[PDB]
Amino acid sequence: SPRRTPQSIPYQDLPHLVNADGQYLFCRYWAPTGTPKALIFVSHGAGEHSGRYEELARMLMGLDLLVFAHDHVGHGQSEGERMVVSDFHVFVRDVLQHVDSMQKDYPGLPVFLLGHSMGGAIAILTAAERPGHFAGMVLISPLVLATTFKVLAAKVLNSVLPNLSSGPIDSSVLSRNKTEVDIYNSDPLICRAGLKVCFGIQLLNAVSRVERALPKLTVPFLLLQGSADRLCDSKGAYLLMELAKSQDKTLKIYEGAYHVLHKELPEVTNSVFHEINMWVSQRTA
């Protein structure tokens, strides 16, 4: 019996790769016609999948970039227990595998990363693991940072039952655009389950690792952040601008905006799209 997605579609029918753990990841490509100027991997966030970057990805392909992506393990059309991972580094390992593959097939080309939220944390750790290799990083409200005993309490019963959950990601604080909160609450590829303690700990490892990595980054980046984000605190973006050694770093703050700036009120989203577009054009031209 052919291996199937968690939505029972056979992987022989979809673009895919197999990770070091023997798991199938669903892959997604937007290739320009004629020869590409650069490569860019798009790294999605927690609960979501590659499909949510359709718009951004089409805009990047339109600047003649080869845009590729995959669903992280335990997300989207990829394999694994939903929103669980053996160590956060699996995600980074899997991005590097996909990047190394794409580079083999398009040698010469600069490679960029775009990440949102958890996908931004993965973007940072990926660049930090191959210092000097990435041409640029586009970070949309990356996970860079919530109490002390809830931290200490987690790893206590991470031994007992780590399959206990806290609340789901609260969808009302995702975007002031209610159409996009509706779309989020409707997408059958989005896992809206509670946050498992075991996943909660990996997210804490990620935060911890990202903070140790910040002082070591040199990669150019564009950092977009909402001031009223209840999921990834604005202070994290300020901290990344403080600690990164990158000679080429830009912060744009969207006053009042929630977490998902690429799916916000259209004044914000159109700005987000325009800024990413200008910043990538200037660095591929």
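So that there is no doubt, residue numbering starts at 1 and follows the sequence shown.
Coordinates for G167 are present in every one of the other compared entries of this protein that model residues on both sides of it, well short of the third needed to count it as often missing. Among other deposited entries of this protein with both flanking residues present, none omit coordinates for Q103; it is modelled throughout, well short of a third. According to the entry, the deposited sequence has 4 to 9 residues without coordinates between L145 and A146. For the segment pair 26-34 and 243-251, the entry gives 26-34 the higher mean B-factor, averaged over Cα atoms. Look at the mean CA B-factor for 60-68 and for 45-53 in the entry; the higher one is 60-68. Note on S141, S186, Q97, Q77: the highest value goes to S186, judged by CA B factor as recorded. Sorting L261, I9, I276, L17 by the CA temperature factor given in the entry leaves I9 at the top. The PDB entry assigns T126 a C-alpha temperature factor belonging to the lowest third of its chain's modelled residues. Sorting the modelled residues of the chain by their CA temperature factor places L157 in the highest third. Among all modelled residues in this chain, the alpha-carbon of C232 has a temperature factor (C-alpha) in the highest third. When the CA B factors of the chain's modelled residues are split into thirds, the value for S166 lands in the highest one. Among all modelled residues in its chain, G115 ranks in the lowest third by Cα B-factor.
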